[PDB]
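Single chain ahead, by itself, as structure tokens, in the form deposited in one PDB entry.
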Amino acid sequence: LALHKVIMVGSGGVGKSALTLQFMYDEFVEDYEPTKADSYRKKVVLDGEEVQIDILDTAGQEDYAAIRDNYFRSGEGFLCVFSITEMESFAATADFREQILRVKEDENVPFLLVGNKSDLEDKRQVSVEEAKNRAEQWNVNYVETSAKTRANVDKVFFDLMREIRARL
């Protein structure tokens, strides 16, 4: 089977693990250890083709740059997650983007900008407009998700796999 290697990136508390666990297990998990990284593998039917998705849920604990870069080098596509409720997490996406580009050396690396916590509109700190503008600058798609309500959860994983399939 095709194996699509997805890496979740983004600053702390944005929803990397909640998104991964909603996709994997159909549960909203609210207390997942912030420092725990893990890999997940699932067979999924992508546009009618059985494939395997592998998701590396990074937890930010790899501080040694060569090792972090090694993890990114193995990835084929990236979900770059921020929380719509934390402007600083949106700002931080630029750093993950630069890290990925240094390693992959390809501006067209499969990559979605993911604004999570869309069910907290009343706490929004990052406008849809500014996130769409950043996505346009980077030539990536912007999708807003909620790990709580499941909104666009399958979409971000499937659309990222579609980019991996098309581009690699």
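The first residue of the sequence shown is number 1, and the count goes up from there. Only residues modelled in both forms are compared. Each form is matched to the other, and the largest set of C-alpha atoms that superpose within 1.5 Å is called the rigid core.
> Of 100-108 and 61-69, which one has the bigger average CA B-factor?
Replying inline: Higher mean C-alpha B-factor: 61-69.
> Which has the higher mean CA temperature factor in the PDB entry, 50-58 or 112-120?
Replying inline: Between 112-120 and 50-58, it is 50-58.
> Which of these has the highest Cα B-factor in the record: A131, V140, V29, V143?
Replying inline: Of the options given, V29 has the highest CA B-factor in the PDB entry.
> What third of its chain's C-alpha B-factors does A166 belong to: lowest, middle or highest?
Replying inline: As the PDB entry reports it, the C-alpha B-factor of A166 lands in the middle third of its chain.
> Taking the C-alpha B-factors as the PDB entry records them, is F157 in the lowest, middle or highest third of its chain?
Replying inline: Its C-alpha B-factor, which the entry lists for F157, ranks in the lowest third among residues of this chain.
> Considering only modelled residues of the same chain, in which third does the CA B-factor of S17 rank: lowest, middle or highest?
Replying inline: Within its chain, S17 is a middle-third residue by C-alpha B-factor, going by the deposited values.
Not pictured, yet referred to below: the form deposited in another entry.
> Which one of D26, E50, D63, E107 is the only residue whose C-alpha moves by 2 Å or more between this form and the one not shown, after superposing on the core?
Replying inline: The one that moves 2 Å or more is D63.
> Which is it in that other deposited form for the CA atoms of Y64 and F96, closer or farther than here, knowing they shift by 3 Å or more?
Replying inline: Their C-alpha distance shrinks by at least 3 Å in that other deposited form.
>> Flagged pair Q61/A94: C-alpha distance shifts by 3 angstroms or more in that other deposited form. Which direction, closer or farther?
In response: Pair moves closer in that other deposited form.
> So which segments really shift between this form and the one not shown, if a segment has to be 3 or more residues long and each C-alpha must move 2 Å or more after the rigid core fit?
Replying inline: When the rigid core is held fixed, residues 35-37, 60-67 are the runs that shift.
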